[PDB]
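Protein chains in written order, with the deposited numbering: chain A, 1 to 288; chain E, 1 to 288; chain R, 1 to 288; chain Z, 1 to 288; chain U, 1 to 288; chain F, 1 to 288.
Idealized CB from N, CA, C, for every residue including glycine.
6 protein chains.
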Amino acid sequence: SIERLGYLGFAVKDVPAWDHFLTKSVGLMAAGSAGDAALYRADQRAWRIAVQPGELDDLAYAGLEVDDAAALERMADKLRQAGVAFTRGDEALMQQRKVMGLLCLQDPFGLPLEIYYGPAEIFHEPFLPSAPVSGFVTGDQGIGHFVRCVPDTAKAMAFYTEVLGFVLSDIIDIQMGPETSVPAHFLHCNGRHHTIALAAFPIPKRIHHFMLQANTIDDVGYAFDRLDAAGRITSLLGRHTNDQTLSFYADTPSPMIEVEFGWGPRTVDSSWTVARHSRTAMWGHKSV
Amino acid sequence: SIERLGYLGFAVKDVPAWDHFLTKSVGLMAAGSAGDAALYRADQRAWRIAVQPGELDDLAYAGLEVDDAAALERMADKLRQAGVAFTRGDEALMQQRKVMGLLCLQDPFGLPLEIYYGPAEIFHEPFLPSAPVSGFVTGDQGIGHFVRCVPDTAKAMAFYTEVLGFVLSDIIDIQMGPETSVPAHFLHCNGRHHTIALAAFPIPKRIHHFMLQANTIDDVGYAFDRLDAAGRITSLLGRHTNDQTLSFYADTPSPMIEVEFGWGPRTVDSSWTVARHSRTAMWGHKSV
Amino acid sequence: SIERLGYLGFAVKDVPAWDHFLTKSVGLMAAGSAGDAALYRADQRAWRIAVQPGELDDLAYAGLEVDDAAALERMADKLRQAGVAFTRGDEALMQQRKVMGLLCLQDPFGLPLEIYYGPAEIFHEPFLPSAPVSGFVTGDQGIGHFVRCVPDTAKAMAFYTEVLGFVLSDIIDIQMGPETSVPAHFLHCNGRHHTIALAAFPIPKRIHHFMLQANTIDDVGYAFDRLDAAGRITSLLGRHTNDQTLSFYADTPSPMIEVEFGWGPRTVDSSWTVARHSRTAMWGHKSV
Amino acid sequence: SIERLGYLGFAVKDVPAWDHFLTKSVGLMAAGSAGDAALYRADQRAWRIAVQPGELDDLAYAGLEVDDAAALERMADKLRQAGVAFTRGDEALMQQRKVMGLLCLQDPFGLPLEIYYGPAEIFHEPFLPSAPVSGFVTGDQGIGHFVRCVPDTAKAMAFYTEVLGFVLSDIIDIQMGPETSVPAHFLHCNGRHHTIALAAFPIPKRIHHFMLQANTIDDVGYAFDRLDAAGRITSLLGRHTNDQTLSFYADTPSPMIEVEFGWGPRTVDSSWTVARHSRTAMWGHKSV
Amino acid sequence: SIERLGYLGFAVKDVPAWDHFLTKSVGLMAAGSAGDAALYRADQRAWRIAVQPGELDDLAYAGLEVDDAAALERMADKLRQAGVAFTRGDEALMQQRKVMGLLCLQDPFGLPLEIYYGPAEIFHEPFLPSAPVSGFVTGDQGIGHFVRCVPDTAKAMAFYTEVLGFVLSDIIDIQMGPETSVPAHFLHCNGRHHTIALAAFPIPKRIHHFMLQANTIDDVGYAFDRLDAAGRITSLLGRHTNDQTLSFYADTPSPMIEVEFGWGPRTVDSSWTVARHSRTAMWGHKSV
Amino acid sequence: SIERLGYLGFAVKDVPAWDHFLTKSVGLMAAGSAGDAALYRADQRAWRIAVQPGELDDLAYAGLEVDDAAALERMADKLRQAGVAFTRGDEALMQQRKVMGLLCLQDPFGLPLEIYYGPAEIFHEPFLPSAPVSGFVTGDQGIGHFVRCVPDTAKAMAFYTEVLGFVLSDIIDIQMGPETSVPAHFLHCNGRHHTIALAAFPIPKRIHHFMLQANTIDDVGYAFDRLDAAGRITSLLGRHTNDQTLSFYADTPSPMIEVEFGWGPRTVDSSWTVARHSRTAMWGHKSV
Ligand SMILES: Oc1cccc(-c2ccccc2)c1O
Ligand SMILES: Oc1cccc(-c2ccccc2)c1O
Ligand SMILES: Oc1cccc(-c2ccccc2)c1O
Ligand SMILES: Oc1cccc(-c2ccccc2)c1O
Ligand SMILES: Oc1cccc(-c2ccccc2)c1O
Ligand SMILES: Oc1cccc(-c2ccccc2)c1O
Ligand SMILES: [Fe+2]
Ligand SMILES: [Fe+2]
Ligand SMILES: [Fe+2]
Ligand SMILES: [Fe+2]
Ligand SMILES: [Fe+2]
Ligand SMILES: [Fe+2]
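Next up, the structure:
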C-alpha cells in the first residue's frame, strides 16, 4: 500500500513564469536543477516539485512513496497480480529522482506514476522559503494532494483502492450545472484527509489542481494577497465541508490548472466514517 | 476610569430591516422591547443593543460601564473636576436601561454617553442566537468596539483619555487618497485591544462602524456568507495590523454605518507599547 | 478587613437531632465536646460548627477570621473608630474557641460576632466524614456562607462593608409575592462569591440558612438522597444565577433554618463587576 | 528585610567526622577550604556550609541574604534605627565569605549573624553530590532552615520580625513533659514555610538542628538508610503538621545538634494564615 | 525608566561587507534604505539595525525605547533633574527613525543615545529572513544586547542605573591576564537578563559586541556553520554562567567588534538576586 | 528479535587510563570488579560497561537483550534455522555477567555477541556519577549505540536484519575522499534511532565508536570541556542529519576507537520511513 504522495513533476510552456510562481508567490525554495528540470523544496527533502519545459502544461508524473525496500517489492508483487504493467527505474533515473529504487507505471488513464522508497534529505541545507511562509505541513502526510481528472470514476476507484491501497474518505457532489453534478471521491493513504481526489470533470487536464498546506492561518492570508497582487486568484477564502481545510485557489501559469493553498484540516484515522456532502464549502470559496 | 463598553443604542429609519439584520444575519437574540425600543442580546445581559425608530440612522448613545456604586460617584467627581456637564438618570431611565445608576453626558462632539453600574443579567433565560454563532466574546472586555468619528482628534483624545480614563494602544495612518491619510487612534480601557477608536473621517455619521467578536473562525466564515446572501458585504476577510483581529465588514441598514464581525485578536495588558502602522490590514480586507 | 468566615455556633432545642443531622446526613465529623457544646469538623480545623442546648433554635454566633495578631489589632482600631462596642475575649474563651485571640461584638441587629486569629488545627487526626462526601471546599474561602436576616438592609450594608470590610458582589430581587420582592445583597471578603448575604426576609430567625460546599457533584447528589430519606428536602437541585453554585436546600432540626449543600460555583477576584438578577436560580431549585 | 538564609558556619571538635557526615552521609559536595574552614556545596554557590575546628561544637554564624547593595544599606539603616550594634565586614572577611558586602551583628542572645549580598557562584564547576541525592531545593528559598534556641521567645520574636523582617507562619506547642509544652514559633522570609524557628528548649546549644530539603522522596529514603548505617538516626520518617515536610532526623557529630533531611513541604505566600498546632507530626517521626 | 533596547545604528567602512554579513550570514532581512543608511529587520518593526558609510567602524547610536508619550516626557524630566544635556529630535529625524518622538543625548563617554516612543511596524510586509533562522526573540525584551566599553565603570553605572533606570543583574570578573581581571556589570531593564553590560576593556571601540537571540538551538548551530564558512568565528559554542545563553561569537566586518548569536537564556523578574561569577562560561566558548 | 543493546565489554592495554576516562571524564560510576574485569554503571543495572586487560584495545563483546526466557529460546530457534553457531553460557558465565541465561555467538566477521535475558539490577545502590552528569538515557532504549566496522555491508545487513531482527532506519553516504564515500547503514531494534550502524570503514578496529546519551544539553556541554581538558576531543559540537542527536566525539585510550556523547535525538516508531542523507551533520561536528 502507498504510504504518501512525495513529489510532483510538471511539464510546462513557461518555466520562468512557474519559477516565479512557485517561489515569490507560493513560497517554495529554489533548489537548483537536475538536467532540464528546475527543482523546488518545501521542507528537508532534496526536492518536492520539479518543473521542466514541455508543451503539456500539465502534471508529467507523481511520486508515490513507501517506507522501505521490502515495501517496494510488495508493491511490485501487487502490480504483477493485478496485471498492471511497470518498469523498474534504472540507475540514471534513480540518480535523477534521488531515490533508492522506483517502479514506473501509469494509472488507467495515462498519468505516469512512480512508486519509490529511500528519498534524499538535505538537513545540512535547511529549508528557507522564498516568500513569507512559516512552513508547510508534510512529514508522514506527504507533500499535499491533487485532484485527478478521470473519464470513468468507477474504473479509477478500482485501481487506486484495489491496486494502490488508497481508501475512500468521502464523496462530494460538485454542482456543474442546474441539474448536473459530479461525484468527486476523496481518497486517503495516511492521516491526510485526502491525498488524491477522483472526479469526472470536463477539463482537458490530467489534474484540476494540486494543494499545499501551510502551518498557520496567517500563512494562508498572506499568500492570498501575494497571489492577488499577481492577478491569479480564482476563489475567495473558504473552508471545505469534508476535510475542514481553510484555503483559497489560484491559477498556475498552466491554463486550467490551479493551486490550492490551505490550513487547519481535520485528519483521519482507523475510525473514519464514509459520508456524502452536497457542497464543497461549509463557507466561503466564492469563485472569482 | 471606564471599565468597558456595555451597550449601544441606535435610532434608525428602518427598524424591521435592522431587526432582521441583527438576528438572521449577525446572530443576536431578540429580547423583547422597552417602550419603542427593540432589544437584542449577545450573552447573559438583559440587552446589549437597542434599536428605536428615528431619522438619525445613527448611534443614539453608548453605555460605558464601571464596577460599582463608588466607582460611579468617582466618575461624577472626575466630570465635575473637568467641567463636563452631566445629569443623573432618574428612576424611569434607570428602569428603562435596567441599571442601578447612571450619569448622562455627551462627548465634546455631541455623542450621548451614559456611565452606569449594576446592569441586569438574566441567566434563567440563557442566550440563544438567531443564526449559527457559537457565541460572542464579551465579559470583562465588554460588548465590542466602535469607531468614533470626530472633527478634532486631539480634542477627542484629551476627553477620552484625561476624563474617561481610556489609554492609547496605537495609531494607524489610514490612507484616504494618494497623498492624504487619517491618523486613527485606537484606545483601550481593559484587555480588549480597542474599545473606541478616534478618527477624523469625512463621513456624516457619529460612528464609522461597531464591531462584535465571535468565539471561532468558523463563526466569522459563516457570518460572511449570511451577510453576502443579504448583499451587504463591504470587505473581504482580512486581519488587522494592530489587534490581529480576523474579520470582515458589512453595511448595516443605516447608510454609511458598517458592522465588523471578527475573531482572534491579541489582548493588551500593563506591558503594552504604543506603536504606529501604515496599513489597517496585515492581509486581506480588500474593499468590495 | 475580615478575611473569611471560620466557624458557626448554634443553640438548639434538640441536640441529638442536630448531631444526627450534621453527621449521618450532612457528613461532618463528630469532634468531641467543649463544655456543653458538641463539636463538628469539615476539615483540618479542630472544629467548624458547634451545637449547644438552648431555646433559641438559631445561630448563636459566627466567627470571623483574620490572618494574624496585627490584623486583629487593626480590626479593634476599626471598631473603635466606628464607635462599635466590643470586648476582648478572656483566656477561658480563647481556650474554649481554640484561638490565639478574639474580639466579641454584635452586628447592628444583635447577632454576636467574634473576630479571631490563630485557630487550632489537628492534622494528626485527619478529617473522616460521617457520611459519603469526598470533602468540603474551605481553605482560604472559609467554611461556607450564611444569609443574615435584617430589618434594614441599608444599615446592615454600611456595617458589613464600611466596618468589617466585606464587598458587594451582586443583588438578586427575590420574589416574595405577586408584586413584592426582597433585594438580597451578596457580599464577599475573599474568592468565595459570597460569605454573607443580607436580606429583609419576614422570618423570625437570625439567619435563613447556612451553606457548605462539597468537592464534587456526586457529593451533592448523594447528600440529596440522604436528606430526602430523612424527609428534610426543601428544594430540588438547581444552580444559582449569581455564583453558579449547584445545590439543594433542606431543613435543619431548627424550624425555619435551612442548610444549603452545593458544588462548583464561580469565584471572584479584583476584576469583579456588580450586577443585578431577577431570579435566584438559572435553573432548578423548585420548592418542595 | 532579609530575603533568605544563605549559609551556615559550624565550629566543631571533630572536623573529619563532620566532613564524612556532610559528604558520604548527607550528600554535599566537598568544595576545598578557606583558611582553617572546610567548605561544602549543595548547589551552584561557591559554598553553603563551612566547618572549622573549635570547642563550641555548635553553629558559629549564619548568613542572611539580601538581593543587592541598596538592600544592604537599608538593612544597616534598620539596625541603626533599632539600636542594634553592627560592624561592616572588611575586605579580608568579604574575600573569605566570597560576598560583595556584609554587616556583622548578633541576635539578642549571642548568635553571630552576617547580612550580605552578592555571593559567588561557580557554574563552571557544576554541583556533584558525594552521595546519591538528585539535588537540593535552594534557589529563592535559600539553603534550608534551622531552629534557634532562645531563653525568651517574646524578645527573640521582636528582633527577628521587627528588625530583620521575618514573619510568623505558625506555632506548635511541642510537648516536653506530661504537663509542659514549648511554644515553637516558625518564621518565614520567603516561600519556604520556615527558615528560622524560635523555641525555648532546655538544651545547651545555639540551635536544635539545621534542615536540608531534597528534590525527591527517594532522596530522603536513601539518606535515611545511609544515616542509619552510620548509627545516627534519631527519628523515623514522618511528616510535619505545619509545613507538611516529609523528613527524618539524625545526630550530627556535635552532641545535641541534629540534622533534618526532608522533602515536599507546602510553600507560603501573601495569603498565608497564622494557625496553631498541638503536635509536630501529622504522622510518623517516632523518636529513636 | 528605559523599557528596552530597540535599535542600533552602525557607521562602517565596508557597507557591502556588512550587508552580506547581516543578511547571508546572520539572517536579517534587507529592508531598503533611508538616506545613506541601509536598513535591516529582525521582526515586525520597520527596521532594527541601520548601517551607513563612515570611518568610525563602530556603533553610531543606540535607540532606547519607552512605552508612550508621557513616558518620554518623564524621561526628559529625569534628564533635566540629572543635568544631562539633550535635544528633542526634529520632524526630519523623527521621519528618518520612524518614531513618534525622541530625545537625543550621549552617555558620559560620548555614545549617542536616542530615547524614543511610537516606532513604526509593518505587519503587511511580514519578516522573511535572508538565511535559515526560525526567528529572533525580541518583543518586550527588545532587539538584544550590547557590551558598552567604558573607562570608568563606577561613573557608567551611576548614569545607566540612576538616570536611565537600568538595574544590575550581576557581575563577572573577566580574566584579562594572569593577575588582571575586569569586573563586567550586566544590566537589565526588562526580562532580558542583560540589555547592556558595562566593562573597562582595553579595546578602541565603543562596544565589544552586540547580541541577537534566536528561537531555537538549531538556529544557533546553523548560524555557526554559516559564519565559519565566512571565516569569522571567534569562539566555539558555549553557555554563559550568568544568563545561561547558549551562543558563539564572530567578527563583524568592523575590526574588534563582534556579534554574539545565541539561544535559551534564563529571564529575570522582581525576585532577581545580585551574584558574582569568576568565569563568563559555564562550559564552552573556547577562543578561536 | 533483539530488544535492545544492554552491555559492552572492552579488552584494553591501559586499564587505568580507561578507568579514569570512563569515570572522571565520561561520568560513569565505578562498580567494583568481576574477575579481572573492572565494572562501570550508567543507571540501575549492576553494570553496563566492562574493561579487562588485553592486547586487543577493542570491543571484546556486546550484550544483546531480550525480555524473557521464552524470547531467548525463540532466538536460539532463529539461530538454528539460520545455521548460525552458538553455545549456551554455563553457570560460571551467567554468574559473571549477572544474567539468567545467555547464548554466545559471533557476527559474520568475528565480533562476539551474547544474547541474554534477566539482568541484575541494584536499586539499593542508586547510581552516582563520577563526574557532573544529570543522568543517561537508557531504559527500553538500552545503553546507547555503536558503529560496527564490516568488510561487506550487504552480508552484515542480512545477518543483523534477517537473523537478529534489527531494522534499517536510514543510510548516510559518509565522504571519505574527493570521489569516495561509504554508505553507513543505521539500524534500530527499539525507539532509539540507531543501536548499531554498519559501515565499511578502513580502520583496523571492530568498532569506530560507542555512544552514550545524556539527559540534558548541559550534560553534553560540560562533558566536552572535561574531555577537552584531557586532550581527547576529536570533533566540535554538532547535530546529526538522521537522528538529530546533538553530540561531540572524543578518543578513548584505545587507538582509533572514539566515544560519542550526545543529547536530544528523535526517536522512531512503526511509521518510520527509510531515507538517505549525503552528510552526517546538519550542522557542526567539525573534525579537530
Ligand atoms: O481539497 C478539496 C476538498 C473538497 C473539495 C475540493 C474541490 C472543490 C472544487 C473543485 C474540485 C475540488 C477540494 O479541492
Ligand atoms: O478594528 C479595526 C482595527 C484596525 C483598523 C480598523 C479600521 C479600518 C478601516 C476603517 C476604520 C477602522 C478597524 O476597524
Ligand atoms: O447561595 C445563594 C445564592 C443565590 C440565592 C440564594 C437564596 C435563595 C433563596 C433564598 C435565600 C437565598 C442563595 O442561598
Ligand atoms: O521543621 C520542623 C517543622 C515542625 C516541627 C519541627 C520540630 C520538631 C521537633 C523539635 C523541634 C522542631 C521541625 O523541625
Ligand atoms: O552575553 C554575555 C554574558 C556573559 C559574558 C559575556 C562576555 C564574554 C566575553 C567578553 C565580553 C562579554 C557576554 O557577552
Ligand atoms: O550517531 C551517528 C549518527 C550519524 C552519523 C554518525 C557517524 C559520523 C561519522 C563517522 C561514523 C558515524 C554517527 O556516529
Ligand atoms: Fe483540493
Ligand atoms: Fe474596527
Ligand atoms: Fe445560599
Ligand atoms: Fe525543622
Ligand atoms: Fe554578550
Ligand atoms: Fe554515532
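(request) Please compile the residues from chain U whose C-beta is within a distance smaller than 8 Å of the C-beta of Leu128(A). (result) As a working note, residue 128(A) is residue 128 in the first sequence. The answer, in chain order, is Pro129, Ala131 and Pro132.
(request) Just the C-alpha distance for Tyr116(F) and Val66(F), rounded to the nearest angstrom, thanks. (result) Position 116 of the sixth sequence, counting from 1, holds the residue named residue 116(F). Position 66 of the sixth sequence, counting from 1, holds the residue named residue 66(F). So the two alpha carbons sit approximately 6 Å from each other.
(message) For the segment 213 to 228 of chain A, list every residue whose C-beta sits within 7 Å of some C-beta in chain U, in sequence order.
(response) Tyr222
(request) Mind checking which residues open and close the alpha helix (DSSP H) that includes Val15(R)? (result) Numbered from its first residue, the third sequence carries residue 15(R) at position 15. Looking at the DSSP string, the run of the alpha helix (DSSP H) that includes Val15(R) is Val15 to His20.
(request) Check whether the Cβ of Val182(Z) sits closer than 6 Å to any heavy atom of ligand 4, and report yes or no. (result) Position 182 of the fourth sequence, counted from the first residue, corresponds to residue 182(Z). No - ligand 4 has no heavy atom lying nearer than 6 Å to the Cβ of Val182(Z).
(request) From the DSSP output, read off the bridge partner residues of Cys104(Z). (result) Here the question's residue 104(Z) lines up with position 104 in the fourth sequence. Per DSSP, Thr87(Z) and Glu114(Z).
(message) For ligand 7, I want to know if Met211(A) counts as a neighbour, meaning its beta carbon is within less than 6 Å of at least one of the ligand's heavy atoms.
(response) Sequence index remark: in the first sequence, residue 211(A) carries index 211 (1-based). Placement of the Cβ of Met211(A) at a distance of less than 6 Å from at least one heavy atom of ligand 7 is found.
(message) Closer than 6 Å to a non-hydrogen atom of ligand 11 - does that hold for the CB of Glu260(U)?
(response) For the purposes of this step, residue 260(U) is identified with residue 260 of the fifth sequence, where counting begins at 1. Within the chosen limit of 6 Å, ligand 11 reaches the beta carbon of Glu260(U) through at least one heavy atom.
(request) Identify the continuous beta strand (DSSP E) that holds residue 292(U) and give its terminal residues. (result) Only positions 1 to 288 of chain U appear in this structure, which leaves residue 292(U) out of reach.
(request) Write down the C-beta distance between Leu227(U) and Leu237(U) rounded to the nearest angstrom, noting that I regard them as a contact closer than 8 Å. (result) The residue given as residue 227(U) occupies position 227 in the fifth sequence. The residue given as residue 237(U) occupies position 237 in the fifth sequence. With a Cβ gap of about 12 Å, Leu227(U) and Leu237(U) do not count as contacting.
(message) Counting only beta-carbon separations shorter than 7 Å, does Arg279(U) have a partner in chain F?
(response) The residue you call residue 279(U) lines up with position 279 of the fifth sequence. Closer than 7 Å: no.
(message) So, at 6 Å on beta carbons, what are the nonlocal neighbours of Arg232(Z) in its own chain, with the 5 sequence-adjacent residues on each side left out?
(response) In the fourth sequence, residue 232(Z) corresponds to position 232, counting from 1. Cβ within range, chain order: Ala250 and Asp251.
(message) Below 7 Å on C-beta distance, what does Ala275(E) contact in chain U?
(response) Taking the second sequence and counting its residues from 1, the one referred to as residue 275(E) is at position 275. Going along chain U in sequence order, the residues near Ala275(E) (Cβ under 7 Å) are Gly118, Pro119 and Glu121.
(request) Would you identify the three-state DSSP class for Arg48(F), choosing helix, strand or coil? (result) For the purposes of this step, residue 48(F) is taken as residue 48 along the sixth sequence, with counting starting at 1. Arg48(F) falls in the coil class under three-state DSSP.
(request) Could you work out which residues of chain Z lie near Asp67(R), taking near to mean beta carbons separated by less than 9 Å? (result) Here residue 67(R) refers to the residue found at position 67 when the third sequence is read from its first residue. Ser271, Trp272, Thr273 and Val274, listed in chain order.
(message) Check for me: the beta strand (DSSP E) holding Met29(R) runs from which residue to which?
(response) Position 29 of the third sequence, counted from the first residue, corresponds to residue 29(R). Note, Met29(R): beta strand (DSSP E), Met29 to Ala34.
(message) Under 8 Å, with one C-beta from each stretch per pair, do the segment 141 to 153 of chain R and the segment 196 to 214 of chain R reach the 3-pair mark?
(response) Short answer: they touch.
(message) Quick check: the Cα distance between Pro178(R) and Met157(R), rounded to an integer number of angstroms?
(response) Here residue 178(R) is taken as the residue at index 178 of the third sequence, counted from 1. Here residue 157(R) is taken as the residue at index 157 of the third sequence, counted from 1. Those two C-alpha atoms are separated by around 26 Å.
(request) Would you tell me roughly how many angstroms separate the C-alpha atoms of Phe224(F) and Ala230(F), rounded to the nearest one? (result) Position 224 of the sixth sequence holds residue 224(F). Position 230 of the sixth sequence holds residue 230(F). Cα to Cα, the separation comes out at about 10 Å.
(message) Checking 7 Å against the spacing of the C-beta atoms, do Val84(E) and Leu56(E) come in under that value?
(response) Translated into positions along the second sequence, residue 84(E) becomes position 84. Translated into positions along the second sequence, residue 56(E) becomes position 56. No.
(message) Whole angstroms are fine: how far does the CA of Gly165(A) sit from the CA of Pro132(A)?
(response) To locate residue 132(A), count along the first sequence from 1; it is residue 132. To locate residue 165(A), count along the first sequence from 1; it is residue 165. The straight-line gap from Cα to Cα measures roughly 36 Å.
(message) Distance check for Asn190(F) and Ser270(F), CA to CA, integer angstroms please.
(response) Within the sixth sequence, residue 270(F) is the residue found at index 270, counting from 1. Within the sixth sequence, residue 190(F) is the residue found at index 190, counting from 1. Looking at the two C-alpha atoms, the distance is approximately 10 Å.
(request) Check whether the Cβ atoms of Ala17(F) and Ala37(F) lie closer than 7 Å to each other. (result) For this step, residue 17(F) is matched to residue 17 along the sixth sequence. For this step, residue 37(F) is matched to residue 37 along the sixth sequence. Contact: no.
(request) Tell me whether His20(E) counts as near ligand 1, meaning its Cβ is closer than 6 Å to at least one heavy atom of that ligand. (result) For the purposes of this step, residue 20(E) is taken as the residue at position 20 of the second sequence. For ligand 1, not one heavy atom lies less than 6 Å from the Cβ of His20(E).
(message) Can you look up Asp251(U) in the DSSP assignment and give me helix, strand or coil?
(response) In the fifth sequence, the residue the question calls residue 251(U) occupies position 251. Secondary structure of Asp251(U) (DSSP, three-state): strand.
(request) Could you spell out the range, first to last residue, of the beta strand (DSSP E) harbouring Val66(R)? (result) As a position in the third sequence, residue 66(R) is number 66, starting the count at 1. Premise fails: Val66(R) is in no beta strand (DSSP E) and is neither H nor E.
(message) For chain R, check one thing: does any of its Cβ atoms lie closer than 7 Å to the Cβ of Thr241(Z)?
(response) As a first step, residue 241(Z) must be located in the fourth sequence, where it is residue number 241. By this cut-off, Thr241(Z) is an interface position.
(message) Quick check: is any heavy atom of ligand 3 less than 6 Å from the C-beta of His194(U)?
(response) Here residue 194(U) is taken as the residue at index 194 of the fifth sequence, counted from 1. Relative to ligand 3, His194(U) has its C-beta separated by 6 Å or more from all heavy atoms.
(request) Check whether the Cβ of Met282(E) lies closer than 7 Å to any Cβ atom in chain U. (result) Indexing the second sequence from 1 puts residue 282(E) at position 282. Answer yes: the Cβ-Cβ gap between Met282(E) and chain U drops below 7 Å somewhere.
(message) So if DSSP puts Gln213(F) in a beta bridge, which residue, or which two residues, is it bridged to?
(response) Along the sixth sequence, one-based indexing puts residue 213(F) at 213. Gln213(F) is bridged to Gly262(F).
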